[PDB]
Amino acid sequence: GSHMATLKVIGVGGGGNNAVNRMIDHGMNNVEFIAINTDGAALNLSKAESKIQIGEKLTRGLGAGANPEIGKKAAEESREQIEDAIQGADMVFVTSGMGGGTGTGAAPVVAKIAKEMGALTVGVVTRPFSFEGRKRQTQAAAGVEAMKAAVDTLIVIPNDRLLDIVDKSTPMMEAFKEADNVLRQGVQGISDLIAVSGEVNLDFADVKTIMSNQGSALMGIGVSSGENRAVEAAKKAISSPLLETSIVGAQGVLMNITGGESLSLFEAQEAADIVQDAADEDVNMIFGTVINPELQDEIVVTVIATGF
């Protein structure tokens, strides 16, 4: 009868595994985590239930030393181990920091395997800070292009955008958590969509329609209360300052609105218009509604945007 979607989040390389570690700390049920690295010492500290050391013959348990070809060969030589860990997933999020050796080279191989295994495959990757220099940025760009060829949808977070949301004292780790929220809240928004039946119900097949073989994507969530809550939640959903791909130009959108018994038709249209006017395109919308009576004055808008 009913379908149960298996979501897996895969961290590849140092930055991706720290995202996984921090997401596990935050708490994420129903999602399964996989940690993939050449660096055996970092893998030893991973909180992920499923750990895969790749490239031990190539690196002797060290990182890739910024050589993406070593990350790529390490992933290819552990293909069977990667397939075994993914097998059964309906959706896979591959998160990695681009510009080093393991993420840049291995993350596109992991994404390709996930897609070959039948999983809807989303990449969420960072680009390096400009202060890391041009060779790092150029390697990262080759990684991004390789990711884009391997995934169904790709979200790119330029680390330079973190400098737009900090003050001179913000701990680096606090900035990194802001970047993690892009992946965490996207995963959580899909999980929630999949676990609850809506009054206007969207399910994993709608996620597939909007994300499959699409390229660049935006995933966002917004929460507001009071008057203008619908407009404010929709603006929050689509307005992250950390994204390379904004909502502008979107041609397909999956939008789900969750609220209490007070959720009004009028405000549902307001939220939908905010998104479609922001896109500045004729948006093919997949619209859903959930009534959670536990919510009183709160409204949550979830947006997945593709078709750029």
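Throughout, we count residues from 1 along the sequence that is shown.
Stretches compared: 22-30, 59-67. Higher mean C-alpha B-factor in the entry: 22-30. Higher mean CA B-factor, judged across 225-233 and 174-182 from the recorded values: 225-233.
The residue among 255, 45, 36, 271 whose C-alpha carries the highest B-factor in the deposited model is 45.
Going by the entry's values, 194 shows the largest Cα B-factor out of 151, 194, 75, 144.
The PDB entry assigns residue 105 a C-alpha temperature factor belonging to the lowest third of its chain's modelled residues.
In the deposited entry, the Cα temperature factor of residue 161 sits in the bottom third of values across the chain's modelled residues. Split the chain's modelled residues into thirds by C-alpha temperature factor. Residue 207 is in the lowest one. Residue 190: CA B factor lies in the highest third for its chain, per the PDB record. Per the PDB record, residue ranking by Cα B-factor puts residue 218 in the lowest third of the chain.
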